[PDB]
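So the structure is just underneath, and the comments pick up after that.
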Protein chains: 2
Amino acid sequence: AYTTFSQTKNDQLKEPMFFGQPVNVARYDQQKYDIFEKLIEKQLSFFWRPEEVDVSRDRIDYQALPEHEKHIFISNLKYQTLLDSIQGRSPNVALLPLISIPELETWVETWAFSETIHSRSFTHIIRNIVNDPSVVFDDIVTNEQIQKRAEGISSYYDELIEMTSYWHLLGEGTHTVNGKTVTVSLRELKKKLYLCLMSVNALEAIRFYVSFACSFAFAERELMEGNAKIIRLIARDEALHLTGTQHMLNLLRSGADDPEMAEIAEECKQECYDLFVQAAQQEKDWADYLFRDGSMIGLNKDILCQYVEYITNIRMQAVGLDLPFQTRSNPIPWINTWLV
Amino acid sequence: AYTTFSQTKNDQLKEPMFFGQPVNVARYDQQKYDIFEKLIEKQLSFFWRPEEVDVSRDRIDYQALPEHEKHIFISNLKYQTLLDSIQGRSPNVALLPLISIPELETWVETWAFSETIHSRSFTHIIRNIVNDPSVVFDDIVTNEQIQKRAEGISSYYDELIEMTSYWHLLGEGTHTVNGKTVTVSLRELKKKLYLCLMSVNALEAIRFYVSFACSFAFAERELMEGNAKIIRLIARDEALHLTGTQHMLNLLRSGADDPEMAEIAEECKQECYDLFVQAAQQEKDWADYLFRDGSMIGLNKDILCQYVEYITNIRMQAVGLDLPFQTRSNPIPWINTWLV
Ligand SMILES: [Fe+2]
């Protein structure tokens, strides 16, 4: 029951962000929530092309890095590649089929699009510093350390996607699928969406910021400056992406949108807290991996783990969760110089 | 069956364009078909913001047009808005979940994103020329003439989406949903995709070009110059869009990708032809509607219908279908001034 053009005229201004009547005409003259249009406009004015970034001296710098430092850099780069590959497609397949307001529909499309520009910039980098790009790309899928986080993130999307299909196809209630009985609940589906958004918020707000830290640590040493320029542009986008999921979440839990969402948000508090905390933990185990056999000027396991906690506190707070860490200061204040 | 990140490592250069293993690493260092990467690069270089085009002087132009000409202009603009609304979401919702080639997945997302820019540009025009934009937007949905031209296009996408859904949720073979035995044939799915792509190609290659004629007719009279400038930018994107679908269809039907497709291509060459001829006929009825109260300098039902036939032969031949109309030189050669 999904349609690329719903034939019944409806007032999109009195429609919920999700689960209402699929958007028919895409208009931008009216806004239910000013944030989304503000984000689309911002994102469009931020438009950049990875190919235009000069990554010439970068091969030299990378080739000169000792092995563990190449390991730190490339592992970090494979993680960013893996995250943005998922973020390029997932928000379109997962959220797009559920959105009921035009401005949000376009924001999701604009947002997912910018991720593809991000994935393109990683290729531009990888196939410019490394000898055989295929070795790096293949490892993103076979490396157990990288895949350890991959399966958790996508799992949220995949579960939402499948539960969305049963809903669209069978609708609410119990149904007979090959003799089995299957229960499709819109309430459960709304939970899946809420949790997925929470997971996506942790990815852009925490996971990606941990990676920016390693990228900029090299930049501080005046190495990999082409990469630095790309990551700084990427970060400028992540700020916008993160803000969009923050607003979506806050609007949903504040009942200002779908009142049932406000309820669901509450039943979820623990799961959210736990998923955010689990993400932070995973980022700390990553720091162990990256720094297994050494650190470099400006970064080490301690510095990164503290940064992870610092950032986690701040993000969790922004979406109404309890701060899980005592940490209260930024150990890498220079990162703000890069961040925008 | 769908996963936002397939954990199995595969050689992406030996996957079919569609239905293969879902895309995992988004890489652009290696292309199976150079056309797609070329199109991405071209679109990226074409980036424009509707918000930056001056549509001020258009309002006086529009308000000064006699009633029938306002009818011609606004009906054309509404049809354009309807088509880009569908084009904004559909490629993502329908083709995205079936692509198994990185460069292709990215092209569809780039393509769909440029469509949202087109939709935004229509809001920018509508707001700057009419009194109550809401009447215009509401009519796109309640108008039986406009909504008629949206039935066919949606159906193709909708049926593809729904079947794609069943396939992901039930795999192929015969199954039972609420006792009703429903069969899921991958071959029937591949046919729906093929027809959908043909419908899409007709949309961008013919339907849109028919609309550019009306818009540019006004520009020839030095009226609606702001809209003219936007339509030029859009036309320039449309070229890329149809090149995309022509190649998709030609590669599919050539067996150069998946053999089952090439077979399915010939299996439904008659439907494809009927589909295109039907599209041309609707654009002729549409031209009939546009001019039921008069025509203007440079364009009338006759001239417009000739152009539909002119453009249709060319497009049909490009995808290897038979030419259904007499031969003739471009009936409105002045449109070259505006094209590209
Ligand atoms: Fe006239």
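A few remarks follow.
- A simple spin-label model places pseudo-atoms 7 Å from Cα toward Cβ; at residue B:174 and residue B:262 they are separated by 3.2 nm.
- For residue A:288, the distances from its label point to the matching points in the remaining copies are 7.4 nm, ordered from shortest, with each point set 7 Å beyond Cα toward Cβ.
- A Förster radius of 35 Å combined with the Cβ-Cβ distance from residue B:301 to residue B:185 puts the calculated FRET efficiency at roughly 0.20.
- 3J(HN,Hα) couplings calculated from phi for the range A:221-227 with the Karplus curve 6.51 cos²θ - 1.76 cosθ + 1.60 (θ = phi - 60°) are, in sequence order, 7, 6, 10, 6, 6, x, 4 Hz; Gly and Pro show x.
- For residue A:256, the point set 7 Å out from Cα toward Cβ sits 5.3 nm from its twins in the other copies, listed from shortest up.
- Cα gyration tensor shape of the range B:111-157, rounded if a/c is under 1.5, else prolate or oblate by comparing a/b with b/c: oblate
- Contact order relative to length of chain A, as percent, for alpha carbon pairs under 8 angstrom and 6 or more apart: 20 percent
- For residue B:142 and residue B:9, a Förster radius of 45 Å and the Cβ-Cβ distance give a FRET efficiency of 0.30, rounded to the nearest 0.05.
- Between 0 and 90 degrees, the angle of helix B:144-170 with respect to the longest Cα principal axis of chain B falls at about 10 degrees.
- Pseudo-label separations to other copies for residue A:330 - Cα-to-Cβ vector, 7 Å, nm: 5.6
- Radius, Kirkwood style, for the range A:142-201 when every pair of distinct Cα atoms is counted (Å): 12.8 Å
- Simple spin-label estimate for residue B:330 and residue B:30 in nanometres, 7 Å along Cα-Cβ: 4.2 nm
- The slack between residue A:54 and residue A:337, meaning 0.36 nm per residue of separation minus the straight C-alpha distance, is 99.8 nm.
- Distance between the pseudo-spin-label points of residue A:41 and residue B:250 (7 Å out from Cα toward the beta carbon): 4.2 nm.
- Prolate/oblate/rounded call for the range A:46-120, Cα gyration tensor, a/c under 1.5 rounded: oblate
- Length released on extending from residue B:285 to residue B:323, taking residue separation times 0.36 nm less the Cα-Cα span: 11.7 nm
- Cα centroid separation, the range A:18-82 to the range B:291-305 (Å): 47 Å
- Remark: the residue A:132-residue A:221 segment gains 29.5 nm on full extension, using 0.36 nm per residue and subtracting the alpha carbon distance.
- Burial ordering of A:338, B:286, fewest other beta-carbon atoms within 10 Å first: A:338, B:286
- Across peptide B:24-36, the average count of Cβ atoms from other chains found within 10 Å of a residue's Cβ is 6.
- Electrostatic tally near residue A:48: other residues with Cβ closer than 15 Å to its Cβ, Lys and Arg +1, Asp and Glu -1, net -1.
- Sorted ascending by nearby beta carbons within 10 Å, beginning with the fewest, A:268, B:272 become A:268, B:272.
- Shielding by other protein chains, B:7-15, mean Cβ within 10 Å: 2
- Helical contribution to [θ] at 222 nm, DSSP H n ≥ 4, -39,500 (n - 2.57), averaged over the protein assembly as shown, rounded to 500: -22000 deg cm²/dmol
- Averaged over B:110-122, number of beta-carbon atoms from partner chains that fall within 10 Å: 5
- Using alpha-carbon coordinates, inclination of helix B:133-142 to the longest axis of chain B, degrees: 50 degrees
- Gyration tensor verdict on chain A (Cα atoms; rounded if a/c is under 1.5, prolate if a/b is larger than b/c, oblate otherwise): prolate
- Across B:18, B:47, B:122, mean-square fluctuation computed from a Gaussian network of chain B (C-alpha pairs under 10 Å connected) peaks at B:47.
- C-alpha center-to-center spacing [the range B:215-265, the range A:86-129] in angstrom: 23 Å
- Arranged from fewest to most other beta-carbon atoms within 10 Å of their beta carbon, B:121, B:329, B:165 become B:329, B:165, B:121.
- Helix B:208-220 vs. chain B, principal-axis angle (Cα, 0 to 90°, nearest 10): 20 degrees
FYI, it's all coordinate maths here, none of it is from the lab. Ideal geometry is used to build each Cβ from the backbone, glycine not excepted, and the neighbour counts take in all protein chains shown.
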